[PDB]
Every structure is written in C-alpha cells, then in structure tokens.
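>>> sequence? don't have it. structure:
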RNA sequence: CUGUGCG
Ligand SMILES: [Mn+2]
Ligand SMILES: [Zn+2]
Ligand SMILES: [Zn+2]
Ligand SMILES: [Zn+2]
Ligand SMILES: [Zn+2]
C-alpha cells in the first residue's frame, strides 16, 4: 500500500497527487524536484515522467 | 636441536626463505619439491586471498613453478570457466 | 549497652565529665533498619534539643547496634536468653507481648510487612468512619453497560450544545498564520530598546568578539625560557599544597620569593629577557604571575618581600631547610630560595614595565561589530575557539583553591587589580589572554578578560558569570561547528535558505553558549511545543500562554529574537514556504532541543529550592487543604481532621454538568463509577482478570499511621532541562511502603496491556503502532498532563481500588486490597518536610508560598515545618499506581470515544504523557469536538490535559520521541549535548567507556560519523588536558558506521589499535595468530584452561606463551614485544579522591537489584595531577614522574605514534609501567571473535569510489554472528569464575549470596568461550566483554545515512581453510551413501536411532 | 574407524598443506620458520597420531615440532645425509688444574 | 573394566542390544574426543542415577 | 580534599 494520500514533501497536500515510487506527491513539488535533478530526495528514486 | 648449546660466538644468522617453492638460503636456489593441486585446489586457493594484485602475483608465479612440476590433471573444463572469473589473460600468456 | 559503648571509651545513658565539657553517649538496639533509623533520629533530636539549654558544650554520641553482638564469653548467653524469655512470655500484655517478638527474629521473619499482613490491630480511632464516608459514599462499581452508554450519549449531547457550541472548548485549529504572528509577538520583542546585535547585549559575547577580532587581525630560545618559567611555577605549585610550612601566608610569601628570585636570575644572563619573552609570554602590566593562579604587582611583591625578612631575619635559611628536609626531590630550586632577591634590580625591572593595571569593570551605543551574518567561514570558527578557550579558563578559575589576600583592600564601580587570580589561555604565537578574578570556590564571579600581544595589555572587557555553567564549549569548538554544519546541510533542498539559516543558527548557538540560563532552556522547550502544535492541526488554546518566558535581561531577549527569527524564516511565507517540511520540522526540532546545550545544575540552589517549595505548596493553598505540623505521630486534632475531610469532599464534589470546574484538582464520582464499572465487566481493552497476583515498631496501625512514623517524606528538586522536577526523599519505613505499592501496581500493570512505563516490549509496540498510524494518516494525539504529581491524590487511588475487581488467574475470588488500601490511606496522610533552607529564607523575608508562610508563622500556630494534604501525590512515590489509574481511565476514555464518535482509538500511557492513535472512519475540523469532549472528560477526572498537548495527523510524540510520516526525527542536538554534557570523569577508562556508549546510542539515532569523531577528539583532548596523556585506548577517532553497527567497544579499540599500526604487517600477524588459536579452541581439540594458567602471569609472559602456540621463535616474539605503551593503571587503579578486577565489580553491581559536571571535571583534572599512579609497593607517584623516565628513542618504532607507542629499551628507566600493546590487541581480537564472530580476523578493504546527498537515511541491523550461546546468564559467568578462580570466587565474591546452589549444580556447565574469553576480561581492565555479554544491544537498530554505508570499510569473515575442509556437498552425499549401504545389509527402521548413531551425520553441524 | 576411511585420507591432508604452503609462498618471500608453518590452517600434521608419513621433505622439522622446538631455519637437506659421512678431524688440548 | 564388559557381553548372547549400546558409546566418544561441546553437561546428566 | 594541565 502507498502512503496516506499526502505529498510527503510539503506535508500539506491531499489533491490530485501522483505517486513517486511508494508514496504520493503533488504537482508543484514534483515539478520543483524534477526541474533541478532526476532524484526524488524523499524516497531517493528516479521521478516518474 | 638447532641450539648452539648455551654458548657460541655466532648465533641467529643464515635465514632460510621461500619465494617460488624453492629454498633460498641467501639467494641461491637449492631445489623445488613436487606438489600436486589438480586445478580445483588451485582455484580454491585463489578464492580465499587478500586483493587483486596478490592474485596477479600468485597466478603469474604459478606456471614458472609448474615448470618444476608435472601436473596436467587440472580439469580443462567448466572448472576453467569458473577460474575465468579472474581475468588474468596476460598471466597465462606470459609463460607461453 | 555496656558491650556497645565499651567500643567507644564509655562508662557503665553514659556520662563522661572532664573539666568544663561533658560527653553524653546514648545507645539503643534495634535489629530492623526502619526502627533503627527511627530511634537514631529520635535520639539525635532529643539530645540536640538539650545543648540549646545547656549552652546558655556537650559531645553527643548515639550508638545504634543493629544486632545483639557481645564480647563477654562467646555468642552463647545473648540470643538463647532472649529466646527462652519470650518462651516464658508465651507460657505465661497484648501489644508489647507482640512487640517483644516482632522486634527480633532476624530482620524479616514475621516482621517485614509485605502486602499480606493486615494483622496488627485493624482498629478505629473515631476518624476512619468519617474518612470512609467522605471517600467511599458514591462508589457503586456494579453499574450496567447500557445505562453507562446512554448516560454517555446524553453527556455528549449536553457537551456539544453547552460547552462546545458556546466556544468554551480547550482545543482549536492551528491557523498557522496566526500561530506565526503569535510567535513573533511573544518571542520577537518589538517594544524593547535592546539592540539588534548579540555582542552589544551579551557582555560575554562582546568579550569573545573582541578577543577573536583582536587575535585574528593582529597576529593570527623564543619558547625556551617560557617553558622554564612554567616548569618552576609547576614545581612551586607542587609545594603549595603539601603544608610544608606553618601558616598559609608564609607559604605564599616564600613562593613569591622563589618566583621573584627566578625573575632576577632570568633578567641577567640574557640580552633582553623580560622585554622579549615575558611581554610575549606570561607577564602583565607591572604584575607577575605566581602560584595558586595569582598575579601580584611586582612593586607590592617586593614590598611584601621586604617584610618577613627585615622584621624576621634569618627566615630564608630555615624556610629552605624545612623544605629540603621535607622533600628532597623538588630541590631543583638551586638559586631561587636564596637571600635578598636583588631589590634594586627588582625596582629597575618594575620601573621598566610600567603599564596600566586591569580595571575590573564592576558596573554593567555604537555597533561596530561587523554584522556577524556577513562574516567569513573562518571568523566564526575563531569565535567558537575563543569561546572554548575562555570557557576552559572559567573552569580553571573554578579550580583555584581558597587562598588568602596578602594586600589590604580599599567592588563598587572599579577595582585596580593587584591581588587577583588569573587564568592564562594561549591564543596565538605572540598574544595570550588573561582572565582575572578576585573570588574562589564554585560561586558566580565577575571576571575580566585582557589580552597581551607583545606586552601591551589591552582590555578586552569584563563580565559576570557562573563558572560551572560553561563546561560544554570547553573543547567542543569543532563538535558544535559540525552540528551546525549538518543542520544547515539538512536544508540543502533550497539553495539560499540554508545560506540565511546557517549564520543565524551559528549565532544562536553562540548566544546560547555564552548565556546558559534556565530561561533560555524553557523558551526553547516552548518553541519545541510550538513546532509540535504547528505541524499538526489541533492544539490547545493556552499554548502561546505557556511559551512566554520573562527575559529579565537582554541576553535572553537576543536569543529569543534569534530563535523566533529562525522559526519564522523556516515557516513564514504564502506558497513557497513549506517545500521540504520534513527537513524543516527536523531542523526546528533540533533547534528547539538545543536547550540541552545549556547545563541543568540549578544556578542558585536556594532559589530553586524556594521555587520547588512554591510549586509543591501552591496547589494545596489554592485547593484548601494545607494542614501544617498535624501530629508527626498520626493523631490529628479536630481542626486538622475537619480540614482533611473538607479537602476530600472538595476533591470528590465535581459534577458532570459543570464547565467552571475543569481546572481545579478533583475527580467526578459518577464518571469514576462508570470507569470502574466498564473496567470490571471486561468492557475496556484492559481487564480485571489479572495473573501472577502481586501479593508477595509497626504494632498498631490505622488510616493515618502505624505508630512507626507518619510516612514522612522530605521535599527537594531534581535538575531537569525545562523546570526542576519535584523529588521526595522518604525514610526507611515509608520508602518500604512506597516500594510495596510500586510492586503491587507494577505487577498489576504487567497484567495489563497498554501501559508502557517499565515494559520495553509494550513501549516498542506503541512505537510501531504510532509509526504505522502516522504513516496511514491516523489522528495521533500526543497528550501531556499538567501538574500530574501536584494534583494526583492517594484518595483517588483509594476510590479507584475500592471497587476494582482485580480477579485472580486461577482462583477467581476478587482478592481483597485491604492492605493496599491501608497503605494508600497512609499515603493520604503523608507528611512532607519542607526544606530547612527554604524556611530560613522565608523567615528573613510577593509570593503565594511566602504569603502562606507569613500567615502560618505566628498567626495560627508556630513556624511551618511539615505539610500534609489530600492531593499532590509525590512524583516518583506512587508512579506505577498513577500509571495504573491513568491507563484504566484512558481505556475508559477510548471506549467512550468509540461509543460516541464511532472511531477506533488505541492509547499508550506513561503516567506522565500519553499518545492516542485514533483511526477515523470514512482537515481535522470535524474531530475538534471529539478532542474537546475527551479533554473535558479527562478534566472531570484528575487528568488535566496540559496545553503542551497536540492533536494532528502529521507528527506524533511519546517519551521525547517524535515520529514523522515515513521516518523519525533523529534529535541530533539532544544526543550531541548529552555527549558533551554528563561527563562523569572518575577514571579515564570509565570516561571513555561512557562516552563510547553515548556515541553508539547517538549514531543509532542517526547523528553523524563526522560529529562523533569530533566528540571523540574532544574527549581525548579532555583526557590529555588532565595530565593523563594519550593512551592507545580511549575515544575512537576516525571511525566508521561499521565500528558501531555490528561492532562493540572491543571492536572499536581493535580498530583504534589497527589505525595506530598503519601498513599492518604486525597487527596482521597478531590477527593471524589469534585466528589460529581460535580455530584450535573453537574447532574443539584441547584448549580450555591451560590458557588461564598462561594468562594469569600478565601481559608479557601471556603474549609470549600465546605466541609459542604459533611458530613465534625468540626472533618474532621479541619483534612483537617491542611495541610498548605506558600503562598508568598497571598495578591496580589510579588513586583519586586487594584491587580486584572491574569484572567482579560489575558482577556485584548486576547481582544486587548533585555535583555539577564541571565540578566533576575539575576534580578529575585535580586528582590526575596528584599522587595517583601506584608503583605496587603502596607509594603513589605523579604521572609527570612516570612520563619523565622516557627517552628519545626515534628508531622508527617509537615514531609511528608519538607519546603513545614506545620501544622496549625506551622504557628502561621506568619498566614497571610497560605493557605490550600487541598483547592487548591479541586479547581484543580474541574477545571480538567471541562476541561478534570471525570477521574480526580479515584485513580491511575499502570501497573504491562510493553520491547519497548526505540525507539518504535508513535503518540497518547489526550483522553480528555471535557464538556465545546467545544466553550468557549470570549463573554461567559466576560458575565459570568459581571453576577457574576459586580463591577469587570465595573471597571478594559471593558473600552476599543465597542462590549458590543453582550456581553450583552445573547450570549449563562449561559454556563455550567462557574460560579464556573471561580471563581476557578479568586481566584486562579496559577490555570489558562480559559486561557486554551480560546485556542487550540496547539499540537493535541503527538509523544511518547511506553516505556513510557507501564509505563503510568492507571486512567480512573468510574461511581459513580455503574452502577445503569437506565441501559440505561431500558431507551430505557421504552420509547418504553410508545410510544406503548400511541399509542394504539388513532391514533397519528409519528412526532417529539409525540416523544419530551414524558417524557422517554431521548435518547437526554446519550452521 | 567409524568414518569408513572417509575423514580426510591423510595423504590429502599433507598434499593440501603442501599446496597451501607453496601457493602462499608464491605471493611474497616468506621465511620458512615455524611461524609460517604453525600459523597455517592445514598444518594438522601435529594431529594424526600415526605420524609414519609426513608431507614431502620436512619430516625432521615436523618430528622436532613433536618435541615443540623453537628453531627457525638451517640447511634442512637431509637427502644428502648431514648426520652421516662427516669428517672426523678430532683432537684435544691441554688442561688447567683447578 | 574390560573383563566386566566381556562378562556382560557373555550375558548378552547374540549381541543385538549390547552392540547397540556399544554403538551409542562410540557415537558419544566420537562426539567428546573429536572435541565439539561435551565436558560437564554429562556430569549433570549422570548424577541422577 | 588539594590542580599547573589549551601551543
Ligand atoms: Mn507526550
Ligand atoms: Zn507538495
Ligand atoms: Zn518519491
Ligand atoms: Zn553591536
Ligand atoms: Zn623506538
């Protein structure tokens, strides 16, 4: 099972989340961690496309 | 025993060493005594070692020692493919 | 009595009058320690009350004989006569006839009152019936379930419309914006006229800045005469404390004369001595440094020298003859202790160096301070180093012995210093700093810091501080730097945010260190609670009212502004403010836990005692039950019993439909009845069907006392970070009563499920449940209870246990709690002695406690000295009972939540704080009413929810452990400060062992590998500063996570020794020899107890003998023994104020069941400089004299590790303290093979390149393959010691033992590796493996960052047989062939008989 | 023997020890003292009570190790008998009366 | 001891039971002599009777 | 009960 439908990055996001590898992740956090590197810095795995 | 019997002007000299299975008294080779390994023992020895260059030295000094021995019983089969894990093609192509 | 006082020069209770002084000796005999102490204190009191009347003097002696020992004939007519006398009494009073036999059986036989002895009187005194009428009148406990359910429905219906809809709820939503505004309003002072500069506000920070930026801009046989001066100064300080003179003043004057003669001898025979090296070394303006850290004006120095030689001629001759005849080893003084020290040269030298004297500013603008934010990365570390030097100088200033002033005094605004002590700290090549002070001891002083560049003493400043509060930054100039660096690196996600939060964090740490105050600790704890409430969604309405701390000084305002600005910079913003909120929460939690950097040592003992008494007595005065000095025996008067019954009624008069009483102490009778009823009929998660029933001179007892005291406790404090906790020290009998109640409640709790206070299994279960709840989004409620102790009452536990079923496991009889209720009634009538210092401070003196003291002084009775109350259960007195009550009530509250709000709650309590994980069906705004109702029900009980409690679905807290979605906060600063603090330095080996345990437990909680090496360097520098010198053992520097994960202290010492032996050709040989010995002993063969005979010799002969098992001839043995190290603790232990090994000590400590850390370090450095090293013949000598016998070897063997490893011939002058380091390495390797497997024999290989961003944290498990049978019981080590060392097992061991039978009847006889591997521990005083074998890992998991595991050294176990033993495939096929070929000779049954009786059935082997 | 002559076939014991010694010698020059013999795993020649057969050539040093000798190195080439065929150039000298 | 052993063996003709006891004793001796772990648990096991 | 130890 994945996380609790939370971004796990900003801690305050329960809306249209995208799963990274085992947890969820919002749009702005995903784009921010993607535009600077290819890793996740939360699960330390490559981000989805 | 080797003891000089409780007295002597000369003591603790003439050390015998071993480099390539040949007794070196001070730098002169005495002889080499035959030892068989049949290959599987060779690779089992190669497994438990320290680092890479130690393996290189021990495998490069093997066939020069095998010149003083006669052992082709070593399995030239999948066992050799297992030994191939240590890619030392220069070493086996150095003795020619 | 005659036999007792005959031992103390006594008569035939006892008077001895001679001249004008009488010695009065009174004796008594009580075999029970309780009545023994009782009669002891009573006799002391009634003998001390008499000298007050006789003085208007006596020698008082009290002799309590704990037995009936005699010396008349022999042990025959002492006990037989008493036995036959009580026999005659049996054959031919009631209470005394029982006292005479209860008083003497042994100590316990029919005398120790366990919880099955109510057979004393069970009598009434016309007070118990009224007590039970006011305590057990509303308790029914037999209420049905449906009625309780509908009553709870109606109560929720009333609460939702009368207390919640009215806005009277005690919990609210966060409103993070409003939270930040309130934080900025309470912490960031805007109406204060203080400057925005920490150096301007804090005087110590100003001084540190001055010293730093005056040492970094100017500078940062020349060093021959300075060391000569330092050596003779050390010599004169040596003869300062030997009392080789009559009066202290003459001693100081003679040492001054010696120093002055040294000065005049150095002046000549050199071109420029004082103008070149003294000005650049140890000398100040017109004054010279002397013994006892003093600095004396050269003028007045020679003026004092003129006296005692002109008014007392021929003084030098006899004053030197008394020294030479007393110590002919310090006679290195040859031209100093001579006649007149050339006075005219002295005055010319004085008139040469005419400079201004130190001013010593006693009285407490432009801001030229370079704006610390915009400082380079070097000036900040220089500031930290300056703080370290100044703090070490403060600590050494506390080290100054109490001397006397030789000058006359003229502290108002300024003092021209001439007879002040000074501590000198070396800063740069030319400039050195001086710290002047005029007081001694451990009290707070007013220090003055000056510098000396080339003789120009410039004033750096003056400040006022307490010395014992600056021990943390003493040598941690790199530890705190690495802490701040890693905290800043935690914020690497926002390149820029770390750039602003780094310097702010360093400035905050610097201000915290330069101003250690309890107010800053309280403010940082408040910030911790604020962050906890900010991360979650629901918090108490009185939260911000508890975060405010009155500054009372600008040094607090600056740190509060810094902390609030850091919190705002990390939290404030509209959208791009919570990018990585996990990192932000970790950073802010560590910043708030930085309060542990400030020590907790009661800046003022009397003030904190007053505050503790205030916190203890304020709830009683506010309640209305504060009876003073009731009886001290148990006979309350009419007004006393009246006020006690009124207090009980007020405690049990809380209704269920009133919201104006949710703060006063008490409990609702109906709610408690519902709780007990739901607990009885197995409705709650805990049940009354318990298991292992806890049931396992005081002649007449009642509800108040037992005529053996009145359960007398005494009030005191306990040093904590935030606020000093309460503490109650009780007498022997009341301590036994508390122990009884504690065992009862603890057994009951072990029968329960959800209580986790002394059950680590349940605590780990709660941890895992909390982790999965935070990961699943459950509502975690981290509840704290305010004033748990001061509000809890023994009467409440009485009312609880009155109708508790507590059913037996097998009997089902509802065991009566009559004895438990009796001792709880005793606790209800306990008597708390107020501190005598508090009383004497209140007599010589607005405050509520002070007002009550003034009112009770003479208006009502006499001086208050004893306090009785119904509430205020002693913190730590009924701890497990309070835990049981809280657990029962919290399970009732969880059932109520499940009933009303249809949620799934699971709670875990710890008698102080609890955590409730609530799984919600089908934000957090609809659950606010549930939280308010839960808090209301808790306040209806005695469970007032503290405003520090938080409710949310993001982070949980329990037992100072914070759990976050997907991880856990490491709490780095807490553990780092714990490593820097609590340095109990008694023996450097013990110091390093404690530091290693702390570093292991910190690395377990993911601190670092770069901070732990700096902590180890700091500890090694602390040991080296004490004069002990560096030893091959001690703190492990340059360590890896593999040295802590799957590695014990023995492996750390092994790695340290291996790091000492670079290019390991010798330690590798020792490891090969140890592997050979272990293959010989483990493999079985014959190796058990000859090794014990071979080891008992020592280190040299044992190492030789162990080398003789290998082929180590007299060539390799001498090559191995060449490496030596000076072992100061060779002939025993160091003497500090028959030397069996520490293994016996730890065994004795395991079988059986106030001073500051700076004072401890001072005592450590003081005892490490005196006669501590013993030479075996009883004559202790100095460490300097041991290390002076070393010679300059420099033969490539003493150069691989200077001052650590020496040669064999380099210690010829001192060979008694010369032990082989390689023998210790051999022993450590063998013990590591014992404890954690065979991989301690292979050589260390490294990973090649490995990129983990310094934040890839993960949990790793210890990879130990321990082969010690995994049990290692105490009765195994005891049996092995009995077998191997019988003469050491009889004496110094097992005198205090009654279970020798099980240790004797071969209890798992001859455990593997418990004969030689226990000898290596018994003979090596720094190895200590059995202490680790008789213990758990205590971590069982290690949070580490992947950047350290990728750098981890690779060292795995390798078979020494080169995979040639049997090739287990061959083992199994040979067994199969044997089985088949033996079956094909006759039909055999395929049972285990035809399998175990086969040779090749070695399948039971091959792990 | 209960192992049915299957334990290690001591011929294999001695040849494995010889091979270990030779292959460890051919990685670095080592002194042929007892240190480089006792510190070897397959030096179980001290076991096998029936000591009629030693490895190939060092029979005398193993027999001395049965006496627990502390020797290091000498000319152990007894193939050419050093105890036999020895010159007997014997003589005597004067005395010194006590 | 060997004489008593031979006497007991003569008592047990067609030795199928004493042979089994001898095999068990040989197993125990191969376990104790061969080394392994057999020193003093046997003393606790024998003292019963 | 007693210390001269930051290089
Ligand atoms: Mn809590
Ligand atoms: Zn997000
Ligand atoms: Zn991810
Ligand atoms: Zn300023
Ligand atoms: Zn040397």
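Looks like it arrived, so ask away. Numbering: from 1, shown residues only, chains lettered A, B, ... in the order given. Ligands and ions are numbered 1, 2, ... in the order given.
>>> contacts only, for whatever residue of chain A ends up closest to chain D.
Of all residues in chain A, residue A:44 sits closest to chain D, at 41.3 Å by C-beta to the nearest C-beta. From N, CA and C alone the C-beta is placed, and that goes for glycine too. Applying C-beta atoms under 8 Å, 6 or more residues apart in numbering or on different chains, we find residue A:44 in contact with C:1252-1253, C:1256, C:1346.
>>> just flag the most distant two among the residues you listed.
With C-beta to C-beta as the measure, no two of those lie farther apart than C:1253 and C:1346, at 8.7 Å.
>>> please identify which of these two sits among more neighbours.
With neighbours defined as other C-beta atoms under 10 Å in any protein chain shown, residue C:1253 and residue C:1346 compare such that residue C:1346 has more, 19 against 15.
>>> touching, the more buried one and residue C:1259? I think so.
No. Using C-beta atoms under 8 Å, residue C:1346 is not in contact with residue C:1259, being 11.2 Å away.
>>> now do the helices in the stretch 451-600 of chain C.
C:479-489, C:497-514, C:518-535, C:544-547, C:554-571, C:581-593 (DSSP state H, counting those that start in this stretch).
>>> and the last one, anywhere near ligand 2?
No. In this structure, helix C:581-593 remains apart from ligand 2 according to C-beta under 5 Å from the ion; the gap is never smaller than 8.6 Å.
>>> and that helix with helix C:554-571, angle?
Put simply, helix C:581-593 runs at 170 degrees to helix C:554-571, going by axes from the mean of the first three to the mean of the last three C-alpha atoms, to 10 degrees.
>>> moving C-terminal of helix C:581-593, what's the next helix or strand?
Moving toward the C-terminus from helix C:581-593, the next helix or strand (DSSP states H and E) is helix C:605-623.
>>> may I see the buried residues of that next one?
Buried residues in helix C:605-623, counted by 16 or more other C-beta atoms under 10 Å in any protein chain shown: C:608-621, C:623.
>>> compute the inter-axis angle for that helix and helix C:518-535.
Here helix C:605-623 runs at an angle of 50 degrees relative to helix C:518-535 (the same axes, to 10 degrees).
>>> can you give me the offset of the helix or strand following helix C:605-623 from its chain's centre?
Where DSSP H and E defines the elements, the next helix or strand beyond helix C:605-623 is strand C:627-628. In terms of C-alpha atoms, centre = their mean, to the nearest Å, the centre of strand C:627-628 is set 36 Å apart from its chain centre.
>>> now for strand C:627-628, which elements pack on it?
helix C:638-651, strand C:866-868 (3 or more C-beta pairs under 8 Å, 6 or more residues apart in numbering or on different chains; DSSP states H and E).
>>> in chain D, what residue is nearest chain C?
Taking C-beta to the nearest C-beta, chain C has its nearest neighbour within chain D at residue D:34, 2.6 Å off.
>>> list the contacts of residue C:1157.
Contacts of residue C:1157 (C-beta under 8 Å, 6+ apart): C:471, C:599, C:601, C:981-984.
>>> return the closest of those residues with respect to residue C:749.
residue C:982 (29.5 Å).
>>> how many residues are close by that closest one?
14.
>>> before we move on, what about the one 5 residues further on?
Residue crowding around residue C:987 was assessed by other C-beta under 10 Å; the count is 21.
>>> what residue lies at the spatial centre of chain C?
Taking C-alpha atoms, centre = their mean, the centroid of chain C lies closest to residue C:982, which sits 5.4 Å from it.
>>> what sits against it?
Here residue C:982 is in contact with C:994, C:998, C:1157 (C-beta under 8 Å, 6+ apart).
>>> tell me the spacing between it and ligand 4.
35 Å (C-beta to the ion, to the nearest Å).
>>> now residue C:1133
For residue C:1133, the distance to ligand 4 (C-beta to the ion) stands at 52 Å.
>>> show me where chain A has strands.
Applying DSSP state E to chain A gives strands spanning A:18-19, A:24-25.
>>> just those: most buried one?
Neighbour counts (mean count of other C-beta atoms under 10 Å in any protein chain shown) averaged over each of these peak at strand A:24-25, with a mean of 23.
>>> which residues does the residue of chain C found nearest ligand 1 bridge with?
In chain C, the residue found nearest to ligand 1 is residue C:913; the distance is 3.1 Å by C-beta to the ion. Legend: beta-bridge partners of residue C:913 under DSSP bridges are residue C:784.
>>> would you check that residue C:544 makes contact with residue C:182?
Yes. Contact criterion C-beta under 8 Å: residue C:544 and residue C:182 qualify, at 4.7 Å.
>>> of those two, who's got more company?
Comparing residue C:544 with residue C:182 by other C-beta under 10 Å, the one with more neighbours is residue C:544, at 21 against 17.
>>> one step back: which SS state does the residue nearest to the centre of chain C fall under?
Under DSSP: H, G, I helix; E, B strand; the rest coil, the three-state class of residue C:982 is coil.
>>> all strands of chain B, in order?
B:17-18, B:22-24, B:29-32.
>>> closest to residue C:535 out of those?
Residue C:535 lies closest to strand B:17-18 among the strands of chain B, at 69.8 Å (C-beta to C-beta).
>>> hmm, that closest one touching chain C?
No. Using C-beta under 8 Å from any C-beta of the partner chain, strand B:17-18 stays clear of chain C, with a minimum separation of 13.3 Å.
>>> who's in contact with that strand?
Contact with strand B:17-18 is made by B:24, D:25, D:29-32, D:36, D:73, as judged by C-beta under 8 Å, 6+ apart.
>>> among these, which one sits closest to residue C:419?
Taking C-beta to C-beta as the measure, residue C:419 lies nearest residue D:31 of the contacts of strand B:17-18, at 70.8 Å.
>>> excluding chain neighbours, what is closest to the closest one?
residue B:17 (5.2 Å; C-beta to C-beta, 6 or more residues apart in numbering or on different chains).
>>> so what's that neighbour bridging to?
With DSSP bridges as the criterion, residue B:17 is bridged to residue B:24, residue D:31.
>>> now the spatially most central residue of chain D: which helix or strand?
With distances taken as C-alpha atoms, centre = their mean, the residue of chain D nearest its centroid is residue D:61 (2.4 Å). Assigned by DSSP H and E, residue D:61 falls within helix D:59-66.
>>> which strands and helices sit next to that helix?
Counting by 3+ C-beta pairs under 8 Å, 6+ apart, helix D:59-66 packs on helix D:35-38.
>>> what does the helix it packs on contact?
Under C-beta under 8 Å, 6+ apart, the answer for helix D:35-38 is B:18, C:1076, C:1109-1113, C:1116, D:21, D:24, D:30, D:43, D:61, D:65.
>>> how about the residue of chain D found nearest chain A, nearest residue that isn't a chain neighbour?
Taking C-beta to the nearest C-beta as the measure, the point where chain D comes nearest chain A is residue D:27, at 41.3 Å. The shortest distance from residue D:27 to any non-neighbouring residue, by C-beta to C-beta, 6+ apart, is to residue B:58 (4.4 Å).
>>> I'd assumed residue C:177 was in a helix, is it?
Yes. Membership of residue C:177 in a helix is supported by three-state DSSP.
>>> give me the distance between it and residue C:850.
42 Å (C-beta to C-beta, to the nearest Å).
>>> what of residue C:199?
Distance of residue C:199 to residue C:850, computed by C-beta to C-beta: 38 Å.
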